[PDB]
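Shown next, in C-alpha cells, is the structure this report addresses.
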Amino acid sequence: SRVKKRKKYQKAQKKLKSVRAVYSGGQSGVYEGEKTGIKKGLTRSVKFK
Amino acid sequence: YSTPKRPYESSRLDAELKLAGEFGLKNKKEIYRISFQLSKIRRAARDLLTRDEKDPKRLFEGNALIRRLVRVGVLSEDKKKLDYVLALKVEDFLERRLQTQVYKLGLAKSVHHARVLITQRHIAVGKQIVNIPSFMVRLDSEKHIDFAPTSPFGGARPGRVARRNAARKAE
Amino acid sequence: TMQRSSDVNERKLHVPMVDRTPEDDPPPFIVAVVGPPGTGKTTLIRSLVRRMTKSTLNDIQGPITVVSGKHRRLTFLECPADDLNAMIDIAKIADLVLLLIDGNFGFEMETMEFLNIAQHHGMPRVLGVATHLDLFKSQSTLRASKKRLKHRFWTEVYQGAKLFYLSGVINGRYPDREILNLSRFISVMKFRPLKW
Amino acid sequence: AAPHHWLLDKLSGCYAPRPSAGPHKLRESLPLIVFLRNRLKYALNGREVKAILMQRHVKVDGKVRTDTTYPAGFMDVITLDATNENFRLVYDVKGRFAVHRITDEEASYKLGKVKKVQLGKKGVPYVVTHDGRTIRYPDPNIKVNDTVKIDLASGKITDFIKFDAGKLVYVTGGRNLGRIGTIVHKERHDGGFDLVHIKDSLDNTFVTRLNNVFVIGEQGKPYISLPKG
Amino acid sequence: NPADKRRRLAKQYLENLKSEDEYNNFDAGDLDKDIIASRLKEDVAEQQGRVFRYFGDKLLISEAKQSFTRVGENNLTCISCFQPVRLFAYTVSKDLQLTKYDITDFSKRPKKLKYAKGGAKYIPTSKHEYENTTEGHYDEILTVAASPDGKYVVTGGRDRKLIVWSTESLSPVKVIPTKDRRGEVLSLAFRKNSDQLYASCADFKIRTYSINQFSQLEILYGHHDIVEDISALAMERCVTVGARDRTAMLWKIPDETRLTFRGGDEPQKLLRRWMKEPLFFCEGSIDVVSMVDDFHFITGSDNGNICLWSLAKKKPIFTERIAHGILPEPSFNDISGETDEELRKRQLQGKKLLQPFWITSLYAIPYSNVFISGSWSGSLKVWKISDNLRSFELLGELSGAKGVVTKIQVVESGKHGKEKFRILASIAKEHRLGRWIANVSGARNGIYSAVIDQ
Amino acid sequence: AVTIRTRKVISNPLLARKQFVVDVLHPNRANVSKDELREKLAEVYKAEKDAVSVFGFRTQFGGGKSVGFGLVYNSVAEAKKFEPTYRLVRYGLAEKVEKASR
RNA sequence: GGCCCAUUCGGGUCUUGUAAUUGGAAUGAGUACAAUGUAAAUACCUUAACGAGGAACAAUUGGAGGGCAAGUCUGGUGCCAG
Ligand SMILES: Nc1nc2c(ncn2[C@@H]2O[C@H](COP(=O)(O)OP(=O)(O)OP(=O)(O)O)[C@@H](O)[C@H]2O)c(=O)[nH]1
Ligand SMILES: [Mg+2]
C-alpha cells in the first residue's frame, strides 16, 4: 500500500508539469535558452473580468 | 480516529494524494488519525476564543494549550497567541513525525528510505531505538535523532549481507 | 430487532424432504475414521471404544458397533489408508467422519481426496481430529498452526465445523479427558437426512 | 479492608490481617505483622516475620509473646533485643499510630487508664486498665479515668496520676482522636459530651467523652517522652 | 489585569489544595522514615555538603610568588593534578603530547618527568568506528583527568578515544573508543574520592566509566549543543554545560534525570533598568562550570558573565557581567583601508563592535569560599563568594599569565587555619577548541603557577 | 564486562542480614547472569558466597541496566534458615519435591 | 515519445519510458543459544547463530475497457448488423 502511493504521486507530479508550469528550482547552469520553443502568439495570462 | 464528512470528494482525494506522497504515508488512516486529534485540539481552542478575556478557563487553559503545543513543536516559541492554534493544520502535525524528521535531518535520502531505516531499527532518538515511523518527535528530541550504535550505519559491526559477502570473498 | 428476526427466521427454512429413518430402532450410525497412513486411527478407535465400553479392544479389525448413548449406538470402522477404493466406498456410506490430520505435517492429499469424494457423493457429518501436537518448544507455532488448520478445515466443511485437538499419546492411547469430551462431541451431532 | 490507624499503603494485598484477641480491642490496636513487616520494615513477608517471631526478638511489655496477630494497642512498649530497640507507640494528630523511639528507663514502665475499682471478693480492692492488668491494692482515692504507672518487671502500680482540672490529658476516640494540649476548659455533663477540653496552636476548643480521654502527666512535665517535628 | 488575576487565582488554588505551630507536631510517616534513616548505612558518598571552608578574605592575595614556567609545546590545553589523603600534575597539548610533572616541591617551579607523545603513527588502519582500539592519540588531545586515588591518568580528545595511562610509567593500559563518528570528548571529571569518570562527548552525550574495571556505566543524553564542560564532586550528581543552548544541566546519574537551568538576561530590560537614571547586553554561549558545593555552582559565559546558581532556582542567583574586560577595538590602520582617520573612525561605529573577553576557564575550589576565573585579559581574577551564598566579589588579580588560560585548578598545602595553595593555570596562545584568537599580545605557551599564602 | 552498583544499604539485625538494591550494568551483554552476579557481589562484599542472594530482576527496555534486590547474609547456616525454600532450590542446596497426587 | 484539456475541429506542454541489463548494502517475519522472569512453567523484557531476490519468505477485494480463431449462433436489400 505504500509503494502504490509512492508511484501514483510520482505520476501525479509528472502530470502537474503538463497542466501548470512548475518552478523547478531556477537557473541550473549557463542560460542555454528556452529548449522547447517560444510562441509569440499565445498569451497564457489571466485577464480580469 | 474517525472518517471525514464527505470522504470522497475530489479535493479530498487530491489532498490525501499530496499528503501521502509528500510524507510517505501508507494509507488514509495516518491523515485521518492525526487530523481527528487536531480537530479536537482546535475545536477546543475555538471555545477558548469564544469565551472572553480574563476568563479563568481562557487564561489557564490557553497558556497551557499553547505551551504544550510549543513543546510538541507544531507551534514556534514567539507566536504565543491562541489564534495560531486555529491557524494550525495537519501537515504541521505530520512534519513532526520521525520519518519526516529523519529525512529532513538527512540521515535518509527520501521519506521511504527514512521509513525503512526506522522499521529496520537504525534510528534511535536519545537512548531508545524508535522503530515505528509515526512518532511525533518533540522540540527537545529534535536534535538527538541519530543512527543507533547497534547499527552498521552508526559504528557497529556490519550486518549479515556485508559479513557473508566478506566471508565468501575471503573464500 | 424486527429486521434481525426476519433475517434469522429466514434461515430456518430448508428444502422439505422425506426422512426414511425410523424412530423406534434406528441403525447404528456409521462412524468412519479416515486418515493418511501413520496417524491416529487404530490408537483412536481403541481409545474411543475403551472409553465407551470399558473394554480394552486391542487388535481391531472390521466394523465395530458399540452402544454410546441411551438411544444412539454407532459403528466404528477404519479405512485402509492406501486404498482409494475403500476410501470411496466409506465416503458413500458413512454418516460421521472422524477426519485424522497430522497437525505437525499439515494437510494431506488423502484427507483432501476423501473430502472431495464425500462432497460429491453427499457430504456426511465431519468432525476433524488433529493429532501430533508435539510441534516443538514453540507453543507459539502450536497456536499458529492450530489456527491455520482450523481455517483451512473451515473452507472445506461448513464454516463452524468442529476441529478437535488431541495431545500426545500416553500409554498406548490418547488422554481420556480429550477422548471423553470427544465422545461428548460425537454424542450430540443431530444428523440430517441425505438423498442416495 | 483496612482501618485508618495502621498507616497501611493500599498497594499491599487483598486480605487484611485481623488481629487476634488480646489485651486491647480490635479497633484500637495494630498487630505485630502490620507493625514489623510493613511499617518499620524489619520483614518483607509473613513467612519471615513468623521466622523472627519464632526466633523471639519481640519483648512487648517485658514478655516475649511470640504471635503474628498480637494486638499491640496504646503505648505497649515494643522491645526488640537486637540494637536495643525500645518503641513506645502513641497516636499522632491525624489518627494513625505514631511509633516513637524511647530509651530503657522509659520502657521500664508504662501507664494505664483505670476503668473501674471493685470490691470483688474477699475484701480486696481492685483495678483494671486497657490491657487489663488486674493489679492488687491501690489507694482508696483511685477514681475512674486516673492513670496508674505499671512496674513492667513485676506488675505493681508505682506512681499515680490523679484526674482533675489542670492535668495533661491524651484523647483516643471520636473526632478528637490524638490531640494534646488539655486546657481551654473543663465541662462534666451528666451522660455525654463530658470532658476536659484541649487547646491548639491558636488555642481552639474541642469536645469529647470521658472514656475517650485519659491523662498522661502535668502541664509541662509528662514523664513520657513525646515525639516532635 | 490578567497576570494579576493569574497570580491571584494560583494563590487561591494553592490555598484550596492546602485545605484538601502547636505543641504536638509529630507525623507518623516522617518519623517512621527517620527510623529507617537511623537504620541505614552509607553516610559517606551522599553528603549534601555545604560550604564548610570559609576562608575567602582570610588568606593573602596581592603578593603571590608567581612563576610562569614556559614549556615548548604549542597550545597547551588541559591540566590535571592529584593529592593523596609527592604530588603529580599533568598537562596535555595540541602537539599530541601528555607530560607528567612533579609539583610537590612547593616553593619553586614544577619539574618535568615524562613525555607521552602520540602522532601520525597512531592513525588506525581501518577508518571504521569500532576498531578505534589503537594505543595512542592521532588528533588533538583535549582533556586529561587524574584519578582521585592516583593509579591512572585518563585522557582523550578529538580522536574520539579514551586512553587510560598508568601513573608510574605513562603507559596506555586500556583504550575505550566512543563508537561513533562525532564522538569527540571535550571534558572529563572524576567524581571525588572514587574511580568513576564522567566524560562529556560532542554527540550531546555524557558517558560514564569505572576506570579500574575498564567498564562503561551509563550513557546519558540531553543537551542541545556540544557539552563543552563538566564538573563533579563526591556525590553521584554531575553538572554539565552545553555551549550554545545556554543551559546548564545537573544529572542525577543513577536516576538518569536532570535539572535544567537556562540563562535569560536581556539588554532591553537591562538597559531600561539602567535607564531609570552602559555597555552590557545578552548572552552568547555558556562555556565552563565548577560545582562549588552540593547546592550551588558557577558558570562562565561567552559574554564574560560569571553567574552563581543554586540547586533550587531556575534563573541564576547572581551575575557578574564583565569579568575580564572588553577587548581592544581593531585599529584604524587595520579596519578600513581609506586614507583619512575620519572615515577610518567612522568605520568603528562608535562602541557597537566592542566585544568582551570570554571566560575560558573557571575553577571553584570544592566546598570553599573562593574561585578563580581566567581568559586572555592577561590577569587571572580571584573572587570570593559571600557567606550568605547569594553573591560573590572580586578579591584580587594574578597578573603574571600572558595568554589564554585553558585551565585553572589549585593545589592545597597547610593545615586547618594556616594554608597555602599553588594555582596552576595552563596558558596557551590559542583557545582549547578552535583557533579563533587574534592579537596574540605577548603570550607564551606555559604553566602559570602562583603560590598564594596564609 | 559487567558492572555493579549497590544502593540504599540497610542492616537487618533481626534477620542477620544486609539488604540493598542492585543496579546491574551490562552494556553490549544480554542480561544479568545471576550466578556470575552472585560471584561479583560476594567479592565486592565479604566472602559468604552461599549467603549472598538476589531475586528481583527487571531489565529496562533496550538493555543495559537491570534493577534487582540484593540481600547478603553472614553465617551460611542462618542464610539457609532465613531464605525461602524456592530460592534455595534455585541457587543453593535444598531440594524437596512435592508429593504428586490428585 | 509521454502527459493534460475539449461536443467538434483541434489545442497546451515537457526527460519520458522499458517483464532492458546490473550492483552491493539493509534488515524483518521465521528458525533458534541462552539467561531473566516465575512455586514451577507460559508470556513480556534482554539476547549470541542462521535467515531475501520470482527478495517464490508467492496480500486481497472490487471496478472500467478492450483485442483474437480456417470457431459457433441469429437476423437480411452481396463483403453487413448483432
Ligand atoms: N507422537 C505421537 N505418536 C502418535 C500419535 N498418534 C499415534 N501415534 C503413533 O502412530 C504410530 C503408528 O500406528 P497407528 O497410529 O496405530 O497408525 P494408524 O494411524 O492406524 O495408521 P496405519 O499405520 O496406516 O494403520 C503408533 O505406534 C503411535 O505411537 C500422537 O498423537 N502422537
Ligand atoms: Mg490402523
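Labels used: A, B, ... for chains in the order of the C-alpha cells, numbers from 1 for residues in each chain, and numbers from 1 for ligands as shown.
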All residues 6 Å or closer to stretch 8-20 of chain A, only C-alpha atoms (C1' of nucleotides), same chain fewer than 4 positions away omitted, as a PDB file with N, CA and C atoms (P, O5', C5', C4', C3', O3' and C1' of nucleotides), in the first residue's frame:
ATOM      1  N   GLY B  21       1.893  11.190  -0.585  1.00  0.00           N
ATOM      2  CA  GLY B  21       3.089  11.180  -1.400  1.00  0.00           C
ATOM      3  C   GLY B  21       4.204  12.047  -0.870  1.00  0.00           C
TER       4      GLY B  21
ATOM      5  P     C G   3       0.516   8.472 -21.932  1.00  0.00           P
ATOM      6  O5'   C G   3       0.287   9.888 -21.253  1.00  0.00           O
ATOM      7  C5'   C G   3       0.475  10.054 -19.859  1.00  0.00           C
ATOM      8  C4'   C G   3       0.511  11.506 -19.467  1.00  0.00           C
ATOM      9  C3'   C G   3      -0.781  12.269 -19.629  1.00  0.00           C
ATOM     10  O3'   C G   3      -1.710  12.019 -18.597  1.00  0.00           O
ATOM     11  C1'   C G   3       1.006  13.569 -20.437  1.00  0.00           C
ATOM     12  P     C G   4      -3.279  12.128 -18.889  1.00  0.00           P
ATOM     13  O5'   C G   4      -3.556  13.686 -18.957  1.00  0.00           O
ATOM     14  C5'   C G   4      -3.372  14.509 -17.820  1.00  0.00           C
ATOM     15  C4'   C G   4      -3.649  15.947 -18.154  1.00  0.00           C
ATOM     16  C3'   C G   4      -4.973  16.200 -18.837  1.00  0.00           C
ATOM     17  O3'   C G   4      -6.067  16.252 -17.951  1.00  0.00           O
ATOM     18  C1'   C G   4      -3.270  17.344 -19.994  1.00  0.00           C
ATOM     19  P     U G  13       2.423  25.718 -24.904  1.00  0.00           P
ATOM     20  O5'   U G  13       3.054  24.530 -24.064  1.00  0.00           O
ATOM     21  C5'   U G  13       3.261  24.663 -22.673  1.00  0.00           C
ATOM     22  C4'   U G  13       3.425  23.326 -22.001  1.00  0.00           C
ATOM     23  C3'   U G  13       4.778  22.667 -22.144  1.00  0.00           C
ATOM     24  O3'   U G  13       5.722  23.185 -21.235  1.00  0.00           O
ATOM     25  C1'   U G  13       3.075  21.080 -22.521  1.00  0.00           C
TER      26        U G  13
END
Inset, instruction - Assign secondary structure with DSSP using the backbone only, and return the residues of stretch 30-175 of chain C in alpha helix (DSSP H) as a PyMOL selection string. - result: chain C and resi 42-53+84-93+109-120+139-156
Inset, instruction - Using only C-alpha atoms (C1' of nucleotides), determine which residues lie at most 6 Å from stretch 150-164 of chain E, disregarding the query and same-chain residues fewer than 2 positions distant; provide the list as a list in words. - result: residues 139, 140, 141, 142, 143, 144, 145, 146, 147, 148, 166, 167, 172, 173, 174, 175, 176, 177, 178, 183, 184 and 185 of chain E
Inset, instruction - For residue D:228, please output as a PyMOL selection string all residues within 9 Å (counting only C-alpha atoms (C1' of nucleotides); exclusion window: fewer than 4 positions along the same chain). - result: chain E and resi 23-27+31
Inset, instruction - Around ligand 2, at most 7 Å away and counting only C-alpha atoms (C1' of nucleotides) and all ligand atoms, which residues are there? Put them as an MDAnalysis selection string, please. - result: chainID C and resid 41:42 78
Legend entry - Near-residue F:57 list (10 Å; only C-alpha atoms (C1' of nucleotides); drop same-chain fewer than 6 positions) as a ChimeraX atom specification: /F:22-24,31-32,34,66-70 /G:36-37
How would the residues just chosen look if you wrote them out with C-alpha atoms (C1' of nucleotides) as a PDB file, in the first residue's frame?
ATOM      1  CA  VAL F  22      21.305  -3.717  42.827  1.00  0.00           C
ATOM      2  CA  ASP F  23      21.776  -1.708  39.657  1.00  0.00           C
ATOM      3  CA  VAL F  24      23.429  -4.206  37.315  1.00  0.00           C
ATOM      4  CA  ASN F  31      21.455  -9.814  30.893  1.00  0.00           C
ATOM      5  CA  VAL F  32      22.460 -10.136  34.500  1.00  0.00           C
ATOM      6  CA  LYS F  34      22.796 -14.216  38.108  1.00  0.00           C
ATOM      7  CA  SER F  66      18.640  -4.104  35.411  1.00  0.00           C
ATOM      8  CA  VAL F  67      17.368  -3.456  38.915  1.00  0.00           C
ATOM      9  CA  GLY F  68      17.483  -6.379  41.317  1.00  0.00           C
ATOM     10  CA  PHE F  69      17.030  -6.852  45.039  1.00  0.00           C
ATOM     11  CA  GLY F  70      20.179  -7.947  46.863  1.00  0.00           C
TER      12      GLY F  70
ATOM     13  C1'   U G  36      15.981 -13.295  33.102  1.00  0.00           C
ATOM     14  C1'   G G  37      11.145 -13.769  34.874  1.00  0.00           C
TER      15        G G  37
END
